[PDB]
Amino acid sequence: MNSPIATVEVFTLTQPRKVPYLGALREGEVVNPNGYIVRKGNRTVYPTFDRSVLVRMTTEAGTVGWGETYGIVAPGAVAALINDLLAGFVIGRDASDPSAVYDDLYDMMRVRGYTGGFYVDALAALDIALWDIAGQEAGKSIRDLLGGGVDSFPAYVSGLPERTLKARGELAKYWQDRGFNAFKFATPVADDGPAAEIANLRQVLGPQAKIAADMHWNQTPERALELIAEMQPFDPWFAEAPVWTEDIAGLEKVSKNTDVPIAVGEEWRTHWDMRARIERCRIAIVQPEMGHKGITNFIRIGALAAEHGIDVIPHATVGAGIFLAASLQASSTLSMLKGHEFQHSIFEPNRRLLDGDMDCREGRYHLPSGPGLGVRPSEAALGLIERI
């Protein structure tokens, strides 16, 4: 029995701990008075606090569900979308068919081109909350609601936050000894270049280790192909984000001129974004980010990967643990799942910010027990959240 949504409340949660940047701060870099920093290398903006947007959604009968999306930059954007536009269209609906609610909300602004970006960030938080409600009302975990899922799967170390190439290798080794078999490094970081870095990691970790290279977008297809040729002898697991997201022609060119598996997708929003690429390019792996996408989008991307034999290896980012729990629930149902990003500093906050038995130990994620997401914000989180 599904009770109608009564209220939708939006919050930000700013954390007392901070995930390090991949790439030490350098001479010339500036902290803007507005609290943001642009990296001189990649030109991308970064926050000086970790922060996410949480949504509390409550039924008339008193069932409480939580959703979460990105809030590191301009959280008032998602907050405005939800408070001014979206909440009003969710209140009165129920959780009998969360995906139908998502589709209705998406369709409202589709023709004006708000098919991704912040609009879908907002839909993501709403969609997760609604599934959390649906699971609780059914007395079922979300993964059971979606037809069943495994209770554990492999995690890989998605980043190595140490300042030197030698230190990054020691950190990788530390995790290897603790059950991890797969690792990834960011190509722009090493002073001596990505070939030098993968060579070192391969030497340190041995032949069996899976070692991927996250190329962080900023290359022409020709340059990307060069870098990949240099890394190739060291048996890279995959090359991620070889060129700019918008440069589909470049992505096509790279993917068809190397046999190294190409992985993309953390910055997508919907299966529509995937269709645009897999129609032209040779994509081995897609890497959806729950916090940007929501459960509905996540499973549609999964289903499409299964139609084409594409591997699914979800991205992770720091948050309170709500969208991560959602990611685990949804990932567990996917036939094409081959792993899931993990970083200690990304995962650790959920220990204090969540109640629930979601865990990551010995190189594997373990799903929480219980209906819905299987988790909820802890008393600590409830004290830190601020309305927006």
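Note that residue numbering begins at 1 and tracks the sequence as displayed.
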message: Going by the mean C-alpha B-factor recorded in the entry, which is higher: 164-172 or 125-133?
response: 164-172
task: Take the C-alpha B-factors listed in the entry for 66-74 and for 36-44, compute each mean, and give the stretch with the larger one.
output: 36-44
- prompt: Can you tell me which of 13, 10, 373, 24 has the highest Cα temperature factor in the record?
  reply: 24
- line: Top Cα B-factor in this entry, restricted to 214, 267, 192, 311, sits on 192
message: Per the entry's values, where does residue 222 land by CA temperature factor relative to the rest of its chain, in the lowest, middle or highest third?
response: highest
query: Split the chain's modelled residues into thirds by Cα B-factor; is residue 30 in the lowest, middle or highest one?
result: highest
- prompt: Hey, what third does residue 210 fall into on Cα B-factor, ranked over its chain?
  reply: lowest
Within-chain third of residue 154 by Cα B-factor, per the entry: middle
field: Third of the chain's Cα B-factor distribution that residue 180 belongs to, per the entry
entry: lowest
